[PDB]
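The lines below spell out each chain.
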Protein chains: 2
Amino acid sequence: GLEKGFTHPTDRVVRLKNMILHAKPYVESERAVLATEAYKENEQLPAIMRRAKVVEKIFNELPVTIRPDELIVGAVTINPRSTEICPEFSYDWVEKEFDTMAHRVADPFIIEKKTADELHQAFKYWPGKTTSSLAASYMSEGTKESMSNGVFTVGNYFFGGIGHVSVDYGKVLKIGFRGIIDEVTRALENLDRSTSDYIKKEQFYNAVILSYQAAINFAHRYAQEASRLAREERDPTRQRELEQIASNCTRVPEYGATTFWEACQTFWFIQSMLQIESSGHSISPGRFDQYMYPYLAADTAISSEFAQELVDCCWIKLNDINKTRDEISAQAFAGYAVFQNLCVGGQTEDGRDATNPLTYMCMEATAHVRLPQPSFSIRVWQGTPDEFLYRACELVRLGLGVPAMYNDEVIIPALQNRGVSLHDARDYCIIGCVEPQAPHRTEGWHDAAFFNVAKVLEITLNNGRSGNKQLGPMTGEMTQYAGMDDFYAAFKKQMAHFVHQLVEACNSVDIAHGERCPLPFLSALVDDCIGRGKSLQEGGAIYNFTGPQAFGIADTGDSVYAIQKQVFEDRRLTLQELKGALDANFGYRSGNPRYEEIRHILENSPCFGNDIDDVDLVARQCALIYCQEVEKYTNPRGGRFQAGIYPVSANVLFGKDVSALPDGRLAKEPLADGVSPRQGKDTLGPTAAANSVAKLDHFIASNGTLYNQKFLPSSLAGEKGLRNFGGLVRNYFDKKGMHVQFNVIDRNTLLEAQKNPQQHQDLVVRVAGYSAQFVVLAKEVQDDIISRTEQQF
Amino acid sequence: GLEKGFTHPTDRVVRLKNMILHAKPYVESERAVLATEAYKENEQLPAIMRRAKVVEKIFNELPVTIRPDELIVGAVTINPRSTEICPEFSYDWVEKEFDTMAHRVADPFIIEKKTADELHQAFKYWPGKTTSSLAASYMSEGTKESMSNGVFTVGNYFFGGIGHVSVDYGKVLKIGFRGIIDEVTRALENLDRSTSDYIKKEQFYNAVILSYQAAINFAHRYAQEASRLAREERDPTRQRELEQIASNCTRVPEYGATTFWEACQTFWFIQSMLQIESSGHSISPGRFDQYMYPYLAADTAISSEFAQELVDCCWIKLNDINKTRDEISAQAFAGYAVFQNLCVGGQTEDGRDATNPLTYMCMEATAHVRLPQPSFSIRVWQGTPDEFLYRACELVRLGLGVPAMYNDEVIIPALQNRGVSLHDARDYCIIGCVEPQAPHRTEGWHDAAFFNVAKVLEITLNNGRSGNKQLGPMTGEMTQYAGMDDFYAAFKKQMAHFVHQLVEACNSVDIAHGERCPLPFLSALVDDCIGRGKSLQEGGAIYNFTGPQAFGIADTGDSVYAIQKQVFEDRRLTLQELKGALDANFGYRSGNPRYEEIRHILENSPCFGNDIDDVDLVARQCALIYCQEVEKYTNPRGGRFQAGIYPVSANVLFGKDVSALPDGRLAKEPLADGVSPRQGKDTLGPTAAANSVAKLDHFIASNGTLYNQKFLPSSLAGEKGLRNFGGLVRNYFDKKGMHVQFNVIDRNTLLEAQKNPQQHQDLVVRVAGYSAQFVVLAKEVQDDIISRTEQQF
């Protein structure tokens, strides 16, 4: 039968899982202090060589920690699930939050007094030497004013590192760090030295070699710690394990992997070491079933049980990573989340189906571990085997939010439209939440900014004003609109003004990272940085993009359609009354009964998400106006801006920046998540809603769209629930939606977790493009997830 | 007749002159301290804006000093003829020399204890933050090793600023600093903001505007000081002068000049303020008679005596500038020397003669003032009026070394061969010593390096060795040469190896200046920096070059010819004995009589400078081998390397780096100056010697060649003396030599200045492309000048 069920993990895997779940996150100082001293010691070097010295000091001197029971080793932090500090990007919020970070609503971290004193001393070096301080200096005053008023924000790469990449894991698996060094050495040998261009390329090459020499030492330090622990082990079974780990770390990643266990250790060293070099999140394993499976197939000795246990251990290690952000930024990325997206299935470079036995082991590992990370995903195409889709649906029924599902038949042509070859696009993986790329060939900047389209709508209707600040052009007061043509013309002018500022802000951050923090370790693992002699930050990648995200799409669409229908077509109210009602927040505080009646009229207009073409096409048009502006622009790496539509955990946060809207929502209330219909407003069932969402132009939003659905668990029960559920996915993907993902949970389970969080520490659910512990989320985010529409078949 | 003699200066001018002569040069700290605080305060800015903040703080806060009697005001230093410190380029040698600089051989400066304490504190900021520290980091180990062994040096721009430019004085005279600000404002309004490129251009533009706003303030601060002094001044005439100076400085250079006195004040504000922004020397007024004359002709009130006295005051102000360098570099640029070349005459853009009345006033000013500066020059072409050449010749007869003479008919086609338009080339001026450019269109880097061709010959004959060290390729041992073909093959291979390293070193310094010290004040006065939105350091100039200088040309030619004639042709000695004699320094210590007999044989070979084709063509070929290798290379500004041949005061210094040579020269002895025949070896008179020098390829050495002659004064006496002397210049220029200049002095006058320097403080003579106080020069440089061939007709 279609319902196969899931096996159980070993007792050791349960212990390792529980270590993550019980861990109290700390802030730690050692990496920050070492980095700072490497900067201090190397003021005279070009930035790329200084950055080599940084990772060399950290890799040589960071504490090496092997946790009880691990088979796969490597720790960013001494304490499980803790965070380093990367002061080179930003630091002052850390010190501002020394005493409040342990108690803040979103993602609290403990900062012990000694750690605070150590960070205080190191931060003395940093004023004005960060990437953020340089980025802000490049931006115009109007751009900064627009961000201060909540039109958009580039905080992600402003305050932290970039990340958002899937590196060439397979290359390191094959030839190791030593192979990387040899490739660079041959690039040096072949350098054209007839002009002045070789001088900086040679600095890059020597920086990469130094970085990778230190990276080899780092693995050897873990081998040494494993041997030290082995000598004082008393259980001979664990002793032999530690001896085997020492052997593994001696071989990899210096050399290519020769067993499946070594291949797992190669993967984890890369995955953790990249996040030691930089705090950029969305370091995404990508197509792990593809590049790892050859090492499983070739390992004739390994048992199926132990092979699965190693994948489980990788899943758990993926949850050891954590990241603190400033108190407001943490609310937009909430849940101790670093967005490591790992996908399985899809197509080979040849257009054949890519499923292999490891594909299903990856699904089993998710069922075994049941933790937020990795951000597990499946690719789907016309040739997806029934067995893979139904097994994925079985996994989704567990209610963890994973796997998210991505549609090859939209994503591949979407990438092609941006210049990615068919061969490279067929190999895509997901970065972060929903953002597709050709892996190890792209510097995509896939979460460069958040952009509030609903705020632009607000500002349009107030003639460029926000507060009493003239923030955009005076496109005309809404009372002077003769019809919807006047609105759209005004809305497009506002969009052009604010998107140009968005692009300025992203590109200023882009220049700042290129000038102050080019990365020699990361860059060697992406084509064509070695061949070109250029870092990722300076255009070494074959493909270059920048991806800013739209917020408030359904809010904007339903509001614009409410103006069309209720004011112009049916004349239920005038432009003057609408203006008055919006400014008065529909009488929320005054009690004005005409404004209340107006609100009730607008609230009951047709809404996006009910398969009604009239209103669905307005949502499509409003999203297009954003997406068509964004793609007009380029970044300093020679690449193209491309829109995405996804909220991570900030559709509540950024709703606070928007006053009352013509669809009737009150000031400061939440916005809609991604391309999903407004919370509770898709009332005709999951098929009708998905039909609406697929009417949007997903292809032009080539940084990725995000669609959330939430199902009543009993609707998915039994073989016949699975079949209906799989039919819904194929329906939506056949109609050219890009992505869909599912919560499967009873309302009372969420309500109980709120009332009794101590009893629900392992409740993991989808936020948007990632899953998190529900009890870690702030109440306002929890309420937003509860408020989402419950679907039923 | 042809000798009309010279008028005398006013008593004021004599007082202003003697103030320079009697000044004891100090090191001062104010500018270094202010610059350091501006860097400390502005760590977060892009470099161009940081440099704007640097000049803003200095221009706002540097002490304002007006000296007794001046009509033209503006002081770089509080004390006359003193030096500021520019730690942004290098600092550590200043502190190493706190206790020794007042007593050192070449260019001593007094450093009082208060000043050393101030600089000690300021220097704490600088480790690793200088342009020099970055430049070194880009250079390969072999390049730095060749420099340590004396093959070549890039010290000039490594330790100090660049300079070496003639800015658009005419533009500032016409539109003022306000007009510069207006052009940049229009460039801002016209910026294409559709890509990412505008972000950095707009930073440059904002940096230029800020710098020029502060530049206006600087002039107003001098106006306020003149007004303050006027209220204090008992003498009614001097009171009115100070009131007029206050009016001048209020008008210029914020606005264009409206009198000749204001034009002189504009000139001097530009000249001094450029050398406040940067320590780069060879800030060259260039075609002063061309851009200043319209303001003289339009000034219908000024008397000729006052106009002359203002020009005299300009000449004296040019001697107020001074510059300290580390104690070894000071020996290469000896004489309190900043190389401000000012030329008169030549052609206009349409190819007409450019002589005007101010042309002759500039010659008079040199006769009035008789100080080392400016480095006064004349252009000469086929159409030079006889009155011009003969007047310049009378001036040379005064023995100051000036004017140097430059041949349009070589320089203009030479510049054309480097891509300069005929129009631009016709407007050329001289930079520094002998280096031509199209003024306000060029970033020429005209003294980027000193390169020791004689050392390359030494190394060639020792199979790539220098001392106990393999510095170049193993091109073969001397004893294995079958003939001169073998030697030239090896020599060219050595030359290619070391010139590649030279180019690396230059380009490393070039990159470092572009990344850390782009200049927003200077850059605005050179085409096309404003139009392109790019500093000079990043390629804003229309024409870009790099100019490295050959040393030991005559030494190399005569040695190579001595091998050809004495070894291969006449078989007076074997290659084996020559190797032994060179290694043993011709028996200078051993007394070996065969090596002494070989020395005598080689010393009496024919020598370059006696109009003997056989040996002259070897000098030509050897100089060509250098010049042809240099021109194969480019710089990171998109420009071309081009050789020059000139020694400034370093042919003695760099001869110390060369062991015995095949021409009989003993180890460590001086090398020949520029393209001049070896000291004392041209024995057939000045026409024969000039004929030899003109056989070299001067056109390919388009960074400039330098030829010194020295005459017995009685030989130039009378109308007949002048006629011979003009005919010699016209002979040499018709035969396509690029430059010539003359000492005219009795040997006993130099000898008496050595024995009784306190009676010869005003004795000014030519070193090489510049003039200096003979008593300020080290004994070994004095002796070298005394050893030069004395000519007579």
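Coordinates for the structure precede this section.
Residues numbered from 1 in each chain as written, not as in the entry; some residues may be left out. Chains lettered and ligands numbered in written order. Heavy atoms only, no water.

(A) Structural detail: the packing of helix α21 (residues 484-516) of chain B against helix α27 (residues 613-630) of chain B. Residues and elements named next belong to chain B. Two numbers describe how α21 lies on α27: the axes approach to 9 Å, and their chain directions differ by 40°. Once α21 is placed against α27, the crossing between them reads as right-handed. For the pair formed by α21 and α27, the contact residues are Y488, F491, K492, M495, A496, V499 and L502 on the first element and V618, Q621, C622, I625, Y626, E629 and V630 on the second. Here the contact of α21 with α27 is built from residues that sort into 11 nonpolar, 1 polar and 2 charged. (Axes fitted to C-alpha atoms, helices over the stretch in contact; angles between N-to-C directions. Helix = DSSP H or I, 4+ residues; strand = E, 2+ residues; numbered from the N terminus. Left-handed = near helix turned anticlockwise from the far one by under 90°. Contact = heavy atoms within 4.5 Å. Nonpolar A, V, L, I, M, F, W, Y, C, P; charged D, E, K, R; others polar.)

(B) Structural context of the sheet that holds strand β11 (residues 640-641) of chain B. Residue and element names in this part refer to chain B. Taken in spatial order, the 3 strands make up an open sheet running β7-β9-β11, and their pairing is parallel. Pairing within the sheet leaves two strands with one partner each, and these edge strands are β7 (442-443) and β11. Judged from the 2 bridges that link them, β7 and strand β9 (residues 543-546) form a sheet pairing that is parallel. In the sheet register, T442 faces β9, and the bridge partner there is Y543. (Pairing = 2+ DSSP bridges.)

(C) Fine view of the interface of chain A and chain B. On the chain B side, the residues contacting the 31 residues of chain A number 31 residues. Buried surface at the junction of chain A and chain B, both sides included, amounts to about 2400 Å², of which 52% is carbon and sulfur. Per-residue buried area on chain A facing chain B is highest for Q44(A), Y138(A) and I199(A); these three make up 21% of the total on that side. One can count 4 salt bridges joining chain A with chain B. In this structure, the salt-bridge partner of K200(A) is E515(B), at a minimum N-O distance of 2.8 Å. Joining chain A to chain B, the criterion identifies 16 residue pairs in polar contact. Counting residues per element, the ones that place at least two in the side of chain A that touches chain B are α6 (131-138), α10 (198-231) and α21 (484-516) of chain A. In terms of residues, the side of chain A that touches chain B owes the most to one element, α21(A), which gives 7 residues. (Buried area = accessible area lost by both parts, 1.4 Å probe. Salt bridge = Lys/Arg side-chain N within 4 Å of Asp/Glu carboxyl O. Polar contact = N/O pair within 3.5 Å; in protein donor to acceptor, adjacent residues only side chain to side chain.)

(D) Inspection of the side chain of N42(B) at higher detail. Residue and element names in this part refer to chain B. Residue position: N42 is located in the loop between α2 (30-41) and α3 (47-61). Judged by its relative accessible area of 9%, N42 falls in the buried class. Here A38 takes part through its backbone oxygen, which lies 2.8 Å from a polar atom of the side chain of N42. Discounting chain neighbours no more than four positions away, the residues touching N42 are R50 and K53. (Buried < 20%, exposed > 50% of the residue type's maximum accessible area, 1.4 Å probe, protein only.)

(E) Fine view of the sheet that holds strand β2 (residues 341-344) of chain A. Residue and element names in this part refer to chain A. In space, the 6 strands of this open sheet follow the order β2-β3-β4-β13-β12-β16, with mixed pairing throughout. Across the chains shown, the open sheet's two edge strands, defined by having one partner strand only, are β2 and β16 (790-791). Along the sheet face, helix α16 (residues 357-369) touches β2 and β3 (375-380) and points at about 145° away from the line of β3.

(F) Expanded view of helix α24 (residues 553-569) of chain B. Residue and element names in this part refer to chain B. In this model α24 runs 22 Å from its N-terminal to its C-terminal C-alpha over 17 residues, within 8% of the 24 Å that 1.5 Å per residue would give. Buried residues dominate α24, accounting for 15 of its 17 residues. Immediately downstream of α24, the backbone of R571 shows phi near 50°, a positive value. (Expected span 1.5 Å × (residues − 1).)

(G) Spotlight on the relation of the copies chain A and chain B. When chain A is fitted onto chain B, the two copies agree to an RMSD of 0.1 Å after a turn of 180° and an axial shift of 0.0 Å. In short, the pair behaves as if placed about a two-fold rotation axis. It is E515(A) whose C-alpha, among those of chain A, lies nearest the rotation axis, at 4.7 Å. Mapped onto chain B, 100% of the interface residues of chain A again fall at the interface, so both copies present the same surface. (Least-squares fit on C-alpha atoms.)

(H) The pattern of salt bridges, seen in detail. All names here are of chain A. For the structure on display, the rule yields 103 salt bridges over all chains. As a salt-bridge pair, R397 and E3 come within 2.9 Å of each other at their nearest N and O atoms. In this pair, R397 is assigned in the loop between α17 (386-396) and β4 (404-407) and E3 in the segment before α1 (11-22), connecting sequence segments 394 residues apart. Taking relative accessible area as the criterion, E3 reaches 35% and is therefore assigned partly exposed.

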